[PDB]
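One structure follows; several queries about it will come next.
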């Protein structure tokens, strides 16, 4: 009466097969999920790179402009300082001369 | 009867082994995808962080430069005022000189 | 709503010095950049500024005067009916013991001099030239000059009998700045009406005429 | 090695103006931050050479650098005082206003660093014979140095100093006369009435002017 035993072995193996199928399906689902995740993080990388890129370019433009303003303004400042010095020396000379005439 | 069952068993076992091998390959693909996800995640992290630091520094130089411009323009205005004061002082002294020049002769 | 809030900050006379400085600076900043807001809210702003000119804190006054200068420089027309007051207040501000305030008052006086209607300015200034204390009379003569630079020959000619007594008596003032200012004002009249001026100066001594002629020749080149 | 590259950059007379500006700015920067113990002299020489550059801004910047070295390590100028003074005063005759200004600053810092005695001794014949405005700057610097001396040393140097101030007082150029007046005032600040017998040959008027400016200095 080993026929029944063989029948049962068949049953066990069939059950195991079905279970393995379910498991494989789950693993494939996990692969798909990981793939979708890769796609998403890829999209984020693209947008991050793009945004940071344009922003940085803009900032570089404004920075260099502000540098130009600093140079020009400081040059004007130095020249104004020279005019001031000359005028002060004129005051000083005239005042001395006045003191001389008064005496 | 029995022979049919034995043959069915053998076939079923073959199918099982094939399924085991197949599952192992799929777990390998899972590992591969997982590593890929980890890597791209780290790349995204570094991108975000690096971009943040870079922007911070650039904004720092921006604000410093702005403060310099503002201060410089204020100082310029002050120099202009001082300049004007000195100019009219000169003018005044000259006037006094001409006036004394007419008084004395 | 922003304007109303700044205005609310400025209503605290003699108090909250730093916050009101911030408010005034913000007012100036907005003034440099709306244009139609003034149509509804100008007068209150002016009034508050003039009140703040009487502040105990010198720097608030000076800043207020700079603000007035900017408002005058951007949108003068709205001062049309308030000129006499504005002139009076500014000239008053010229008697401040604090140098920065007097400086800002002189700048404000210059722009005011280039903004206000000339006839009314002169007419208002005449008794001020004649009666105000030093150095208010000085700033008034300077302003009168800057105004004379903007008048027509006909109008100036018509206003001369009123202008002249103050300049002639002022020429006899003891303060150097006043005499210099009067000479300059006379030069500016001469620039407009030329030789026609000469009969009006019959009462000056030869010395003073010498001094005036010199500055006329100086002004010509 | 960092310094050496800058120094090698500076060896290019009248050429590579911007690069030498960079080198000078970097050198000044280092001056703001013990190297000198071994490398001072060469640099100094180049600086003096740089006073003869065709480029004015290079000269002005050089004078600012010199000003920095003087302000940081005066003692090292001990054996080069006469020379450095000569060069700076010479640099005061430059046609460029900014250069004259920077030269006045460098001369100013120089006046508080150099040994006073040698400074005065060197400056006297310059006062006596140099052209405007070298004599002028020499007198002004003489004043700034006089502010730093004791009564005895000034007293010992007076017979040499006085002729230059008197003759300068008789100079046709107003600035020289005024500077001489101020120097006389600065001497008076130290030795008081003792100055009077040295001034017996002066006319009453200039004596009056002096007394007025002294009184102005007193209050």
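Which value in deg cm²/dmol, rounded to the nearest 500, describes the helix-derived mean residue ellipticity at 222 nm for chain B, given -39,500 (n - 2.57) per DSSP H run of n ≥ 4 and division by the residue count?
The helix-only estimate for chain B comes to -38000 deg cm²/dmol at 222 nm.
Across the residues of B:24-34, average count of Cβ atoms on other protein chains within 10 Å?
Partner Cβ neighbours, averaged per residue: 4.
On to the next question. Can you put D:36, C:38 in order of Cβ neighbours within 10 angstrom, beginning with the fewest?
D:36, C:38
Give me the distance between the Cα centres of segment B:19-90 and segment A:29-103, rounded to whole Å.
When both Cα centres are located, 16 Å separates them.
How far apart, in nanometres, would the label points at residue C:59 and residue B:49 be if each is projected 7 angstrom from Cα along the Cα-to-Cβ direction?
Each label point is offset 7 Å from its Cα along the Cβ direction, giving 4.5 nm.
Relative contact order for segment C:57-159 using alpha-carbon pairs under 8 Å, separation at least 6, rounded to a whole percent?
29 percent
Related question: For D:190, C:151, what ranking results if the residue with the fewest other Cβ atoms within 10 Å of its Cβ goes first?
D:190, C:151
If you don't mind, another one. Mind checking the mean number of beta-carbon atoms from other chains within 10 Å of the Cβ atoms in A:95-103?
Going residue by residue through A:95-103 and averaging, the value is 6.
Helix-only estimate, please: 222 nm mean residue ellipticity of chain C, summing -39500 (n - 2.57) across DSSP H runs of length 4 or more and dividing by its residues, to the nearest 500.
-24500 deg cm²/dmol
In which sequence would C:134, D:80 go, from the one with the fewest C-beta neighbours within 10 Å to the one with the most?
Ascending Cβ contact count within 10 Å gives the list C:134, D:80.
Sorted by packing (mean other beta-carbon atoms within 10 Å per residue), highest first, where do B:9-16, B:79-86 land?
Ranking the peptides B:9-16, B:79-86 by packing returns B:79-86, B:9-16.
What FRET efficiency, computed as 1/(1 + (r/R0)^6) with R0 = 51 Å and r the Cβ-Cβ distance, is obtained for residue A:7 and residue A:37, rounded to the nearest 0.05?
Given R0 = 51 Å and the Cβ-Cβ separation, E is 0.65.
State, to one decimal in nm, how far the label point of residue D:118 lies from the label point of residue A:88, with both points 7 Å from Cα in the Cβ direction.
3.1 nm
For peptide B:76-83, how many partner chain Cβ atoms fall within 10 Å of a residue's Cβ, on average?
Mean partner-chain Cβ count within 10 Å for B:76-83: 5.
Take the alpha carbon atoms of segment D:143-219, find their center, do the same for segment C:34-85, and report the distance between the two centers in whole angstrom.
55 Å
Residues of segment B:70-101 with amide nitrogen under 13 Å from the 7 Å Cα-to-Cβ point of residue C:25?
B:70-71, B:74
Each value in this text was obtained by applying a stated rule to the coordinates, not by laboratory testing. Virtual Cβ from ideal backbone geometry, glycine too; neighbours counted across all protein chains shown.
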